[PDB]
Amino acid sequence: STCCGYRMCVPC
């Protein structure tokens, strides 16, 4: 479950 915001995709 990876959430991409702007410049980075974080693990959620």
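The count begins at 1 with the first shown residue.
The backbone N, Cα and C atoms fix where each Cβ goes, and this holds for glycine too.
Under the heading disulfide bond, Swiss-Prot lists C3-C12 (among others), citing experimental evidence as support. In the three-state DSSP assignment, the secondary structure recorded for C12 (disulfide bond) is coil. Counting only same-chain residues six or more apart in sequence, the Cβ atoms lying under 8 angstroms from the Cβ of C12 (disulfide bond) belong to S1, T2, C3.
Marked as disulfide bond by Swiss-Prot on the basis of a curator's inference: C3-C4 (among others). In three-state terms derived from DSSP, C4 (disulfide bond) belongs to an extended strand segment. For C4 (disulfide bond), the same-chain residues 6+ apart in sequence whose C-beta sits under 8 angstroms from its C-beta are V10.
Look at Swiss-Prot and you will find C3-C9 (among others) tagged as disulfide bond, backed by experimental evidence.
For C4-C12 (among others), the entry in Swiss-Prot reads disulfide bond, with the evidence type experimental evidence.
Feature annotation from Swiss-Prot assigns disulfide bond to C4-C9 (among others).
Residues or ranges marked as disulfide bond in Swiss-Prot: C9-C12 (among others).
What Swiss-Prot lists as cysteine amide is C12, and the listing cites experimental evidence.
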Over all shown protein chains, what is the count of other CB atoms within 10 A of the CB belonging to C9 (disulfide bond)?
10
